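Asker: Take this structure, written in structure tokens, and hold onto it; I'll ask about it next.
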Amino acid sequence: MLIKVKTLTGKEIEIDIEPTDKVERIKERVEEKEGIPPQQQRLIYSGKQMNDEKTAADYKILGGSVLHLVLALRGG
Amino acid sequence: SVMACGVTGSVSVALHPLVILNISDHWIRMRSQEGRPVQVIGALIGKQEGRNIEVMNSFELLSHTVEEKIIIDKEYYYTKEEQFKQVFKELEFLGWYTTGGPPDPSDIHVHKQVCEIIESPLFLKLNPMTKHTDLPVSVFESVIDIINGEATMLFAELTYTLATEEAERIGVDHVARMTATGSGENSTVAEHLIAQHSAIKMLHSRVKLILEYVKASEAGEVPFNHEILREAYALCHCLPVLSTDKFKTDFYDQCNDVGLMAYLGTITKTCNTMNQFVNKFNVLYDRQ
Amino acid sequence: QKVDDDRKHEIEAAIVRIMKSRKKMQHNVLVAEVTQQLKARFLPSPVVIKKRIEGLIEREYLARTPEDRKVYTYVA
Amino acid sequence: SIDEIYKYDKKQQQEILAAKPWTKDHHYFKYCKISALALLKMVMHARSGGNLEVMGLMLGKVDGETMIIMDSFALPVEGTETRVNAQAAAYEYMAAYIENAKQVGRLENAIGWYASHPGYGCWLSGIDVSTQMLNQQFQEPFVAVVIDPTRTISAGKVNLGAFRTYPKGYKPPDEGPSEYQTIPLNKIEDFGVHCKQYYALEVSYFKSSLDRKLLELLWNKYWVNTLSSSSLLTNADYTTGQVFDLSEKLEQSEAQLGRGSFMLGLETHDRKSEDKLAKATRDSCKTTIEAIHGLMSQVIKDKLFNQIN
Ligand SMILES: [Zn+2]
């Protein structure tokens with residue numbers, strides 16, 4: 001399935017996601033599109049902050065799921 | 001009776017304005033959300049050095065009323081304890097706070113759930129519906145007393161002090177100034193004169209205490225308090241601080257400078273009013 | 001390989017330290033001001049703090065114009 | 001109603017966020033209302049930072065052309081931002097705190113960010129402008145607040161500014177008082193490069209129960225030494241710079257009026273000239289009334305103390 005995480009780019013970047021994959025792999029996928037290390041990245045979905053070791057299927061994320069995570073910036 | 005009689009404070013508690021500020025915000029929002037002034041419950045954090053306790057910060061806690069008792073989400077408190085660890089490690093948990101009047105048979109239930117967490121928790125209660133000029137904040141400690149053969153936990157009032165850093169003093173002082181003068185110069189000298197009015201009330205209260213002591217000593221008390229009386233005499237000797245030509249000259253100099261500045265400001269306001277009037281006057285009858 | 005690894009870690013520490021201070025410099029005022037703001041001096045080794053800010057000229061964030069050093073793009 | 005501002009209307013906020021009136025005008029947001037709690041917390045954080053810059057997030061809401069602020073909170077900065085930006089484990093504590101506030105009540109969401117400039121004034125640097133431009137592209141309703149703990153002590157009054165950036169390519173109108181500020185030589189170049197890429201909001205309060213309590217308490221507690229001389233305005237710096245700015249603005253208005261007197265039929269020029277004169281007059285009046293209040297307090301207290309009897 002493809003999910004449209006609202007990565008900070010002005011649009012919802014669509015990425016390849018499998019239900020079994022851990023949600024921490026989603027953080028790396030966004031960094032491949034942006035450049036934010038997963039430590040500063042904070043996945044948030046449906047108003048609740050997503051976990052790290054929990055799988056995506058446990059959150060019932062489908063192909064129409066629009067995510068809104070809070071990443072970071074490149075200060076110094 | 002949940003209050004201990006004849007028990008004196010064993011530790012010194014230092015409170016900061018931020019703690020009082022957090023309690024006020026917590027009570028206001030809960031009142032706004034749920035009508036009546038719903039009681040709030042939070043936690044106290046800070047630094048403790050032996051018997052000296054300094055409460056520097058305070059956060060809010062989750063409360064669940066089941067079976068007509070307050071159950072604090074200690075797991076939420078534990079979740080928040082590591083949350084505040086990530087930002088500040090020097091601050092340690094010290095106690096919990098609440099809002100209300102005299103202690104009720106629900107705060108003892110709350111306090112015992114805070115006593116099982118840490119060794120010695122502190123209890124603070126704020127009264128948002130007070131009417132006196134005194135601070136409606138009191139700090140109580142946990143004491144075990146044998147009442148009717150049964151160990152009953154009681155609350156002993158602590159003679160806490162008010163700790164504040166130069167920065168907090170200056171920042172809150174600017175807060176006071178922002179209320180004294182309104183955004184659009186509203187209530188200009190209302191709170192200004194009231195501030196000096198309260199300072200003069202404090203000084204007058206000190207003076208009346210001294211005068212009452214002197215009058216009592218004239219009839220009874222100690223005939224001669226030695227140090228106190230001699231020092232009060234020397235202190236009135238400073239009531240007429242008294243000056244010379246140079247100090248009066250400098251005072252009149254500063255007064256004249258500020259008066260000239262005030263005259264310039266009045267001239268600026270008057271010329272702005274004149275400009276507005278001329279702008280309208282070029283409109284109603286005049287052309288071009 | 002010892003001196004290669006020895007130089008590898010000290011240049012890595014050199015860049016990490018300077019981006020923390022992160023101020024604009026004319027040619028020589030901050031490159032000496034950053035050294036006194038470290039833990040144990042002499043570790044900086046100025047020979048590397050000059051050629052790696054000169055190695056930073058290929059990109060932005062103190063692009064460090066080559067001749068008249070003054071355009072230190074202070075925007076990132 | 002003093003406490004009316006504390007009422008949160010979620011649907012009304014959603015309606016405003018769906019309407020997006022700020023897209024119709026880049027000068028839409030003109031006022032910044034800050035709660036006493038917010039101000040205190042921010043100033044305390046800035047001064048604990050000492051001579052080092054700190055930052056945080058502001059929680060609040062919007063109301064017409066006004067942005068409101070209520071809360072603020074530190075983010076784990078292990079090793080003083082050893083990574084990119086002052087975030088590290090940022091939304092870790094942030095999102096937890098946010099869910100925790102939806103749990104304990106606080107429902108006001110992110111309205112902006114605050115940053116500290118210890119001893120170098122309130123303005124936006126190049127880095128600050130890039131940061132705020134990004135914030136104005138994702139969380140459109142965002143405000144860059146800058147504080148100054150060292151000037152807070154020097155001048156006495158808290159040095160605080162609220163700012164919003166202009167979009168890339170967009171030019172500000174001629175109208176612009178631009179108060180003068182002392183900027184150190186190591187910062188003045190960057191200041192000058194970016195000073196026209198943003199504008200300053202009018203920062204105002206509204207009293208409140210939070211104010212009433214806090215103010216009264218600390219005031220009495222520490223002001224027993226009510227003297228503090230009586231004129232912390234004695235330092236030329238602030239007053240002198242303000243008067244210089246006033247003079248510059250009025251002289252610019254005169255130069256404009258002199259050139260506009262030749263053009264017959266330019267109403268916009270008259271409009272901006274009148275507005276600039278009026279702004280100059282109110283600034284002068286506020287300075288004058290502050291000085292008058294200082295003199296009043298000085299006179300009353302000095303007369304009471306010196307020759308009461
Ligand atoms: Zn800045």
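Residue numbering restarts at 1 for every chain of the structure tokens, chains are lettered A, B, ... in their displayed order, and ligands are numbered from 1 as they appear.
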Got a sec: who's within 9 Å of residue A:68, counting only C-alpha atoms, leaving out chain neighbours fewer than 2 positions off, as a list in words?

Answerer: residues 4, 5, 6, 7, 8, 12, 43, 44, 45, 46, 47, 66 and 70 of chain A

Asker: Could the residues in this selection be saved with N, CA, C and O atoms as a PDB file, in the first residue's frame?

Answerer:
```pdb
ATOM      1  N   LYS A   4      -0.013   8.553   2.245  1.00  0.00           N
ATOM      2  CA  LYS A   4       0.382   9.951   1.930  1.00  0.00           C
ATOM      3  C   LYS A   4       0.744  10.690   3.220  1.00  0.00           C
ATOM      4  O   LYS A   4      -0.104  11.455   3.720  1.00  0.00           O
ATOM      5  N   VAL A   5       1.957  10.469   3.733  1.00  0.00           N
ATOM      6  CA  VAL A   5       2.417  11.214   4.941  1.00  0.00           C
ATOM      7  C   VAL A   5       2.528  12.692   4.566  1.00  0.00           C
ATOM      8  O   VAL A   5       3.158  12.982   3.536  1.00  0.00           O
ATOM      9  N   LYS A   6       1.945  13.587   5.369  1.00  0.00           N
ATOM     10  CA  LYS A   6       2.088  15.044   5.108  1.00  0.00           C
ATOM     11  C   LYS A   6       3.477  15.493   5.570  1.00  0.00           C
ATOM     12  O   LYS A   6       3.550  16.291   6.526  1.00  0.00           O
ATOM     13  N   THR A   7       4.533  14.987   4.924  1.00  0.00           N
ATOM     14  CA  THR A   7       5.909  15.434   5.256  1.00  0.00           C
ATOM     15  C   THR A   7       5.991  16.931   4.957  1.00  0.00           C
ATOM     16  O   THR A   7       5.330  17.367   3.995  1.00  0.00           O
ATOM     17  N   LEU A   8       6.761  17.682   5.746  1.00  0.00           N
ATOM     18  CA  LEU A   8       6.794  19.159   5.572  1.00  0.00           C
ATOM     19  C   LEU A   8       7.414  19.519   4.217  1.00  0.00           C
ATOM     20  O   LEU A   8       8.637  19.756   4.178  1.00  0.00           O
ATOM     21  N   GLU A  12       1.349  16.109   0.643  1.00  0.00           N
ATOM     22  CA  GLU A  12       1.400  14.796   1.338  1.00  0.00           C
ATOM     23  C   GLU A  12       2.231  13.821   0.498  1.00  0.00           C
ATOM     24  O   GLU A  12       1.669  13.234  -0.449  1.00  0.00           O
ATOM     25  N   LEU A  43       6.454  10.580  14.235  1.00  0.00           N
ATOM     26  CA  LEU A  43       5.263  10.158  13.453  1.00  0.00           C
ATOM     27  C   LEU A  43       3.998  10.424  14.271  1.00  0.00           C
ATOM     28  O   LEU A  43       3.954   9.979  15.429  1.00  0.00           O
ATOM     29  N   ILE A  44       3.028  11.147  13.701  1.00  0.00           N
ATOM     30  CA  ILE A  44       1.723  11.388  14.391  1.00  0.00           C
ATOM     31  C   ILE A  44       0.612  11.031  13.396  1.00  0.00           C
ATOM     32  O   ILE A  44       0.765  11.370  12.207  1.00  0.00           O
ATOM     33  N   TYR A  45      -0.445  10.353  13.856  1.00  0.00           N
ATOM     34  CA  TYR A  45      -1.543   9.921  12.951  1.00  0.00           C
ATOM     35  C   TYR A  45      -2.868   9.938  13.718  1.00  0.00           C
ATOM     36  O   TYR A  45      -2.879   9.493  14.874  1.00  0.00           O
ATOM     37  N   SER A  46      -3.940  10.433  13.090  1.00  0.00           N
ATOM     38  CA  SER A  46      -5.283  10.488  13.732  1.00  0.00           C
ATOM     39  C   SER A  46      -5.213  11.142  15.119  1.00  0.00           C
ATOM     40  O   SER A  46      -5.928  10.669  16.025  1.00  0.00           O
ATOM     41  N   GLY A  47      -4.393  12.188  15.279  1.00  0.00           N
ATOM     42  CA  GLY A  47      -4.344  12.903  16.533  1.00  0.00           C
ATOM     43  C   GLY A  47      -3.491  12.273  17.614  1.00  0.00           C
ATOM     44  O   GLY A  47      -3.235  12.924  18.634  1.00  0.00           O
ATOM     45  N   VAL A  66      -4.084   9.309   5.507  1.00  0.00           N
ATOM     46  CA  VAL A  66      -3.267  10.552   5.373  1.00  0.00           C
ATOM     47  C   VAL A  66      -2.578  10.810   6.717  1.00  0.00           C
ATOM     48  O   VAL A  66      -3.294  11.017   7.716  1.00  0.00           O
ATOM     49  N   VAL A  70       5.520  15.226  12.597  1.00  0.00           N
ATOM     50  CA  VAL A  70       6.297  16.474  12.852  1.00  0.00           C
ATOM     51  C   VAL A  70       7.789  16.124  12.817  1.00  0.00           C
ATOM     52  O   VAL A  70       8.260  15.477  13.771  1.00  0.00           O
TER      53      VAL A  70
END
```

Asker: Could you tell me, counting only C-alpha atoms and all ligand atoms, which protein and nucleic acid residues lie no more than 12 Å from ligand 1, written as a PDB file with N, CA, C and O atoms, in the first residue's frame?

Answerer:
```
ATOM      1  N   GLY A  75      19.200  23.269  11.252  1.00  0.00           N
ATOM      2  CA  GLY A  75      19.767  24.482  11.874  1.00  0.00           C
ATOM      3  C   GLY A  75      21.285  24.463  11.867  1.00  0.00           C
ATOM      4  O   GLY A  75      21.880  25.254  11.110  1.00  0.00           O
TER       5      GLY A  75
ATOM      6  N   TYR C  74      25.332  33.826   5.917  1.00  0.00           N
ATOM      7  CA  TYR C  74      24.795  33.592   7.284  1.00  0.00           C
ATOM      8  C   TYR C  74      23.269  33.485   7.207  1.00  0.00           C
ATOM      9  O   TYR C  74      22.577  34.405   7.686  1.00  0.00           O
ATOM     10  N   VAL C  75      22.764  32.397   6.618  1.00  0.00           N
ATOM     11  CA  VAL C  75      21.291  32.215   6.453  1.00  0.00           C
ATOM     12  C   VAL C  75      20.932  30.790   6.888  1.00  0.00           C
ATOM     13  O   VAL C  75      19.730  30.517   7.089  1.00  0.00           O
ATOM     14  N   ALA C  76      21.941  29.927   7.054  1.00  0.00           N
ATOM     15  CA  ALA C  76      21.703  28.533   7.499  1.00  0.00           C
ATOM     16  C   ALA C  76      22.833  28.101   8.440  1.00  0.00           C
ATOM     17  O   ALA C  76      23.517  28.968   8.984  1.00  0.00           O
TER      18      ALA C  76
ATOM     19  N   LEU D  52      23.425  32.403  26.374  1.00  0.00           N
ATOM     20  CA  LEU D  52      23.206  31.483  25.264  1.00  0.00           C
ATOM     21  C   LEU D  52      21.767  31.520  24.805  1.00  0.00           C
ATOM     22  O   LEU D  52      20.854  31.618  25.633  1.00  0.00           O
ATOM     23  N   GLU D  53      21.563  31.415  23.493  1.00  0.00           N
ATOM     24  CA  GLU D  53      20.215  31.462  22.921  1.00  0.00           C
ATOM     25  C   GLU D  53      19.470  30.179  23.243  1.00  0.00           C
ATOM     26  O   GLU D  53      20.020  29.084  23.124  1.00  0.00           O
ATOM     27  N   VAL D  54      18.220  30.341  23.656  1.00  0.00           N
ATOM     28  CA  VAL D  54      17.320  29.223  23.871  1.00  0.00           C
ATOM     29  C   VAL D  54      16.085  29.475  23.037  1.00  0.00           C
ATOM     30  O   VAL D  54      15.870  30.590  22.532  1.00  0.00           O
ATOM     31  N   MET D  55      15.280  28.439  22.879  1.00  0.00           N
ATOM     32  CA  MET D  55      14.053  28.586  22.138  1.00  0.00           C
ATOM     33  C   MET D  55      12.976  27.668  22.674  1.00  0.00           C
ATOM     34  O   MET D  55      13.255  26.722  23.413  1.00  0.00           O
ATOM     35  N   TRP D 113       6.714  30.224  17.612  1.00  0.00           N
ATOM     36  CA  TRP D 113       7.961  29.887  18.290  1.00  0.00           C
ATOM     37  C   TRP D 113       8.593  31.139  18.897  1.00  0.00           C
ATOM     38  O   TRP D 113       8.483  32.258  18.346  1.00  0.00           O
ATOM     39  N   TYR D 114       9.263  30.942  20.034  1.00  0.00           N
ATOM     40  CA  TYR D 114       9.996  32.071  20.657  1.00  0.00           C
ATOM     41  C   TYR D 114      11.491  31.750  20.634  1.00  0.00           C
ATOM     42  O   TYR D 114      11.832  30.560  20.670  1.00  0.00           O
ATOM     43  N   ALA D 115      12.335  32.779  20.535  1.00  0.00           N
ATOM     44  CA  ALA D 115      13.802  32.582  20.554  1.00  0.00           C
ATOM     45  C   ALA D 115      14.407  33.722  21.372  1.00  0.00           C
ATOM     46  O   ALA D 115      13.761  34.773  21.469  1.00  0.00           O
ATOM     47  N   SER D 116      15.590  33.519  21.948  1.00  0.00           N
ATOM     48  CA  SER D 116      16.164  34.574  22.818  1.00  0.00           C
ATOM     49  C   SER D 116      17.383  35.207  22.144  1.00  0.00           C
ATOM     50  O   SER D 116      18.081  34.482  21.425  1.00  0.00           O
ATOM     51  N   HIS D 117      17.588  36.514  22.325  1.00  0.00           N
ATOM     52  CA  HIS D 117      18.766  37.211  21.799  1.00  0.00           C
ATOM     53  C   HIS D 117      19.444  37.902  22.980  1.00  0.00           C
ATOM     54  O   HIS D 117      19.278  39.108  23.155  1.00  0.00           O
ATOM     55  N   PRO D 118      20.191  37.155  23.811  1.00  0.00           N
ATOM     56  CA  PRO D 118      20.751  37.788  25.008  1.00  0.00           C
ATOM     57  C   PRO D 118      21.754  38.910  24.689  1.00  0.00           C
ATOM     58  O   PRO D 118      22.837  38.659  24.149  1.00  0.00           O
ATOM     59  N   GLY D 119      21.368  40.142  25.013  1.00  0.00           N
ATOM     60  CA  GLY D 119      22.215  41.316  24.824  1.00  0.00           C
ATOM     61  C   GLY D 119      22.416  41.822  23.407  1.00  0.00           C
ATOM     62  O   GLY D 119      23.331  42.622  23.163  1.00  0.00           O
ATOM     63  N   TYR D 120      21.588  41.388  22.460  1.00  0.00           N
ATOM     64  CA  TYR D 120      21.695  41.955  21.107  1.00  0.00           C
ATOM     65  C   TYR D 120      20.383  42.341  20.418  1.00  0.00           C
ATOM     66  O   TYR D 120      20.341  42.489  19.205  1.00  0.00           O
ATOM     67  N   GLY D 121      19.332  42.555  21.208  1.00  0.00           N
ATOM     68  CA  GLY D 121      18.087  43.158  20.713  1.00  0.00           C
ATOM     69  C   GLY D 121      17.101  42.186  20.085  1.00  0.00           C
ATOM     70  O   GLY D 121      17.442  41.036  19.803  1.00  0.00           O
ATOM     71  N   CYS D 122      15.878  42.669  19.866  1.00  0.00           N
ATOM     72  CA  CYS D 122      14.802  41.875  19.264  1.00  0.00           C
ATOM     73  C   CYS D 122      14.619  42.192  17.774  1.00  0.00           C
ATOM     74  O   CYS D 122      14.232  43.299  17.401  1.00  0.00           O
ATOM     75  N   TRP D 123      14.912  41.194  16.944  1.00  0.00           N
ATOM     76  CA  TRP D 123      14.830  41.278  15.482  1.00  0.00           C
ATOM     77  C   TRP D 123      15.025  39.861  14.944  1.00  0.00           C
ATOM     78  O   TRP D 123      15.268  38.942  15.726  1.00  0.00           O
ATOM     79  N   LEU D 124      14.917  39.670  13.632  1.00  0.00           N
ATOM     80  CA  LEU D 124      15.141  38.348  13.041  1.00  0.00           C
ATOM     81  C   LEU D 124      16.410  38.333  12.204  1.00  0.00           C
ATOM     82  O   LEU D 124      16.582  39.151  11.300  1.00  0.00           O
ATOM     83  N   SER D 125      17.295  37.397  12.523  1.00  0.00           N
ATOM     84  CA  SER D 125      18.498  37.151  11.737  1.00  0.00           C
ATOM     85  C   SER D 125      18.141  36.382  10.477  1.00  0.00           C
ATOM     86  O   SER D 125      16.993  35.983  10.305  1.00  0.00           O
ATOM     87  N   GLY D 126      19.137  36.159   9.619  1.00  0.00           N
ATOM     88  CA  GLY D 126      18.958  35.401   8.379  1.00  0.00           C
ATOM     89  C   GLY D 126      18.422  34.013   8.644  1.00  0.00           C
ATOM     90  O   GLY D 126      17.464  33.573   7.995  1.00  0.00           O
ATOM     91  N   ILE D 127      19.027  33.346   9.623  1.00  0.00           N
ATOM     92  CA  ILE D 127      18.593  32.018  10.065  1.00  0.00           C
ATOM     93  C   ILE D 127      17.144  32.063  10.592  1.00  0.00           C
ATOM     94  O   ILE D 127      16.320  31.197  10.246  1.00  0.00           O
ATOM     95  N   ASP D 128      16.829  33.093  11.383  1.00  0.00           N
ATOM     96  CA  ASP D 128      15.472  33.281  11.930  1.00  0.00           C
ATOM     97  C   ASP D 128      14.433  33.504  10.828  1.00  0.00           C
ATOM     98  O   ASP D 128      13.305  32.986  10.893  1.00  0.00           O
ATOM     99  N   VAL D 129      14.822  34.281   9.821  1.00  0.00           N
ATOM    100  CA  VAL D 129      13.942  34.573   8.693  1.00  0.00           C
ATOM    101  C   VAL D 129      13.675  33.302   7.877  1.00  0.00           C
ATOM    102  O   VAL D 129      12.524  33.034   7.556  1.00  0.00           O
ATOM    103  N   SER D 130      14.712  32.511   7.584  1.00  0.00           N
ATOM    104  CA  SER D 130      14.525  31.212   6.904  1.00  0.00           C
ATOM    105  C   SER D 130      13.599  30.285   7.702  1.00  0.00           C
ATOM    106  O   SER D 130      12.660  29.676   7.141  1.00  0.00           O
ATOM    107  N   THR D 131      13.859  30.189   9.009  1.00  0.00           N
ATOM    108  CA  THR D 131      13.002  29.410   9.916  1.00  0.00           C
ATOM    109  C   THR D 131      11.532  29.889   9.907  1.00  0.00           C
ATOM    110  O   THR D 131      10.604  29.079   9.741  1.00  0.00           O
ATOM    111  N   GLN D 132      11.318  31.197  10.051  1.00  0.00           N
ATOM    112  CA  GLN D 132       9.945  31.734  10.052  1.00  0.00           C
ATOM    113  C   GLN D 132       9.257  31.621   8.679  1.00  0.00           C
ATOM    114  O   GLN D 132       8.048  31.372   8.604  1.00  0.00           O
ATOM    115  N   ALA D 144       7.092  34.639  14.907  1.00  0.00           N
ATOM    116  CA  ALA D 144       8.451  34.529  15.489  1.00  0.00           C
ATOM    117  C   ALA D 144       8.619  35.564  16.605  1.00  0.00           C
ATOM    118  O   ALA D 144       8.843  36.746  16.284  1.00  0.00           O
ATOM    119  N   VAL D 145       8.522  35.131  17.864  1.00  0.00           N
ATOM    120  CA  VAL D 145       8.702  36.061  19.018  1.00  0.00           C
ATOM    121  C   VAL D 145      10.172  36.035  19.450  1.00  0.00           C
ATOM    122  O   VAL D 145      10.740  34.930  19.545  1.00  0.00           O
ATOM    123  N   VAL D 146      10.775  37.209  19.656  1.00  0.00           N
ATOM    124  CA  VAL D 146      12.192  37.286  20.122  1.00  0.00           C
ATOM    125  C   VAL D 146      12.222  38.006  21.474  1.00  0.00           C
ATOM    126  O   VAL D 146      11.553  39.047  21.597  1.00  0.00           O
ATOM    127  N   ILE D 147      12.965  37.464  22.445  1.00  0.00           N
ATOM    128  CA  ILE D 147      13.079  38.106  23.789  1.00  0.00           C
ATOM    129  C   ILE D 147      14.530  38.543  24.007  1.00  0.00           C
ATOM    130  O   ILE D 147      15.398  38.108  23.226  1.00  0.00           O
ATOM    131  N   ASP D 148      14.788  39.360  25.033  1.00  0.00           N
ATOM    132  CA  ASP D 148      16.180  39.776  25.353  1.00  0.00           C
ATOM    133  C   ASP D 148      16.335  39.851  26.876  1.00  0.00           C
ATOM    134  O   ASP D 148      15.983  40.892  27.449  1.00  0.00           O
ATOM    135  N   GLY D 161       9.782  41.269  21.096  1.00  0.00           N
ATOM    136  CA  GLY D 161       9.224  41.610  19.800  1.00  0.00           C
ATOM    137  C   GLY D 161       8.517  40.412  19.205  1.00  0.00           C
ATOM    138  O   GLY D 161       8.909  39.270  19.463  1.00  0.00           O
ATOM    139  N   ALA D 162       7.467  40.686  18.425  1.00  0.00           N
ATOM    140  CA  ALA D 162       6.731  39.665  17.679  1.00  0.00           C
ATOM    141  C   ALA D 162       6.808  40.012  16.196  1.00  0.00           C
ATOM    142  O   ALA D 162       6.550  41.154  15.811  1.00  0.00           O
ATOM    143  N   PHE D 163       7.164  39.024  15.374  1.00  0.00           N
ATOM    144  CA  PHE D 163       7.456  39.255  13.960  1.00  0.00           C
ATOM    145  C   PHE D 163       6.815  38.218  13.036  1.00  0.00           C
ATOM    146  O   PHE D 163       6.601  37.059  13.428  1.00  0.00           O
ATOM    147  N   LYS D 187      26.652  41.616  14.651  1.00  0.00           N
ATOM    148  CA  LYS D 187      25.306  41.245  14.180  1.00  0.00           C
ATOM    149  C   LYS D 187      24.687  42.229  13.163  1.00  0.00           C
ATOM    150  O   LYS D 187      23.751  41.867  12.444  1.00  0.00           O
ATOM    151  N   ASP D 190      24.187  41.242   9.149  1.00  0.00           N
ATOM    152  CA  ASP D 190      23.065  40.326   8.939  1.00  0.00           C
ATOM    153  C   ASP D 190      21.714  41.005   9.212  1.00  0.00           C
ATOM    154  O   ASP D 190      20.754  40.787   8.475  1.00  0.00           O
ATOM    155  N   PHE D 191      21.646  41.820  10.268  1.00  0.00           N
ATOM    156  CA  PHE D 191      20.437  42.589  10.580  1.00  0.00           C
ATOM    157  C   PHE D 191      20.025  43.408   9.367  1.00  0.00           C
ATOM    158  O   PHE D 191      18.896  43.276   8.883  1.00  0.00           O
ATOM    159  N   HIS D 194      18.631  41.446   6.241  1.00  0.00           N
ATOM    160  CA  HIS D 194      17.294  40.844   6.345  1.00  0.00           C
ATOM    161  C   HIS D 194      16.190  41.707   6.988  1.00  0.00           C
ATOM    162  O   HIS D 194      15.038  41.269   7.017  1.00  0.00           O
TER     163      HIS D 194
END
```

Asker: Hey, what's within 12 Å of residue A:35 if we count only C-alpha atoms and toss same-chain stuff fewer than 2 positions away? As a ChimeraX atom specification, please?

Answerer: /A:7-9,27-33,37-41,71-74 /D:84

Asker: With C-alpha atoms retained, write the just-selected residues as an mmCIF file, in the first residue's frame.

Answerer:
```
data_model
loop_
_atom_site.group_PDB
_atom_site.id
_atom_site.type_symbol
_atom_site.label_atom_id
_atom_site.label_comp_id
_atom_site.auth_asym_id
_atom_site.auth_seq_id
_atom_site.Cartn_x
_atom_site.Cartn_y
_atom_site.Cartn_z
ATOM 1 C CA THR A 7 5.909 15.434 5.256
ATOM 2 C CA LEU A 8 6.794 19.159 5.572
ATOM 3 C CA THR A 9 7.080 19.980 1.810
ATOM 4 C CA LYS A 27 10.551 7.561 9.454
ATOM 5 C CA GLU A 28 13.522 6.569 7.287
ATOM 6 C CA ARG A 29 11.355 6.687 4.153
ATOM 7 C CA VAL A 30 10.389 10.299 4.881
ATOM 8 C CA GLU A 31 14.060 11.154 5.464
ATOM 9 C CA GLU A 32 14.856 9.712 2.033
ATOM 10 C CA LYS A 33 12.398 12.295 0.629
ATOM 11 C CA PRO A 37 16.944 11.847 11.232
ATOM 12 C CA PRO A 38 14.282 9.483 12.779
ATOM 13 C CA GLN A 39 15.230 10.672 16.332
ATOM 14 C CA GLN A 40 13.941 14.237 15.628
ATOM 15 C CA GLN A 41 11.138 12.826 13.396
ATOM 16 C CA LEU A 71 9.934 16.165 11.603
ATOM 17 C CA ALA A 72 12.523 18.962 12.229
ATOM 18 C CA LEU A 73 14.904 21.374 10.378
ATOM 19 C CA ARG A 74 18.605 21.803 9.377
ATOM 20 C CA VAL D 84 20.866 20.246 13.549
#
```

Asker: Out of D:102, D:47, D:276, D:269, which residue has the shortest atom-to-atom distance to chain B when counting only C-alpha atoms?

Answerer: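 Nearest to chain B: D:47.
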
Asker: Run DSSP on the backbone of this structure and report the residues of stretch 20-68 of chain A it assigns to strand (DSSP E or B), as a VMD selection string.

Answerer: chain A and resid 22 42 44 to 45 48 to 49 55 66 to 67
